[PDB]
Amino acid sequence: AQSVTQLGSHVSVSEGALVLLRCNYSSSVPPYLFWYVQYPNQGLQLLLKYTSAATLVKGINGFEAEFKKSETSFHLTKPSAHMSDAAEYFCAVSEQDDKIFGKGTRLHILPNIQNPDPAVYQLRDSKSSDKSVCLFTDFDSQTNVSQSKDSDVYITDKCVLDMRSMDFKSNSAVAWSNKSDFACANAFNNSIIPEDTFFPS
C-alpha cells in the first residue's frame, strides 16, 4: 500500500438510518484491509477485514464492507444507526509486506426526537453559597450550540444521554460563570435556539 484515506474527522448519521463510513486506498496490488472501532476510553477492536477471500466481508453486529478494486474502496456499512454505534472508526491497510492506519472518523448519531421540548433551566449547587449552572435541554438535532462570546462564560458542546429506564434520549448543553450579571436567560444568546424554548420563572 501507498496509503489509506478516510475523509471527515467527524460525521453524522440519523438514528435508525444506514451507516456508511467511506475508506479508499492506494495500492496497485490489492492489499489486505481492516476496519477497527474504538469506543471511548478503550482500546482498538477489529470489526472485519478483507484478506483476499470473500469480497463481501461480514463482521460483528451487522457490520459489512465490500472490497471494490475498481473504485479502490472498502466502505463500512451497517443497516441502522443505534446510539451505541457512537465511536471512532479506523480503516487500515497492509504495507511493505510487514505492517498502516487511516486518520479515523468519529461517528455521531443524531437521536430521533419525536416530541422536542426545548428549555433552559437553572440548577443549584448541592451546597454552595450560592453557585449555579444553566442547562439547555430537550431540543431536536436541528439545534446546535455555539461557543460563548463572553470569556467568563463557559458553554459545553451538546451531549446526548440515552436513558435506558424509559427508552428515552435527549440532548443538552451546560453553561456557567462566576460573573455577577450572568443570567440563564442570557446564557445561550450566541446560539440559535428554537423559537418555542421554555424559559421558566
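Numbers follow the displayed sequence, beginning with 1.
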Quick one: higher average CA temperature factor, 54 to 62 or 170 to 178? 54 to 62
Greater mean Cα temperature factor according to the PDB record, 78 to 86 or 122 to 130: 122 to 130
Member of 37, 153, 135, 161 with the greatest C-alpha B factor (per the PDB record): 153
In terms of CA temperature factor as recorded, identify the highest of 96, 73, 105, 112. 96
In terms of its chain's C-alpha B-factors, the third that includes residue 2 is the highest
CA B-factor placement of residue 19, once the chain's modelled residues are sorted into thirds: lowest
Grab the CA temperature factor for residue 186 from the record and place it in the lowest, middle or highest third of its chain. highest
Report the third (lowest, middle or highest) to which the CA temperature factor of residue 8 belongs, ranking only the modelled residues of the same chain. middle
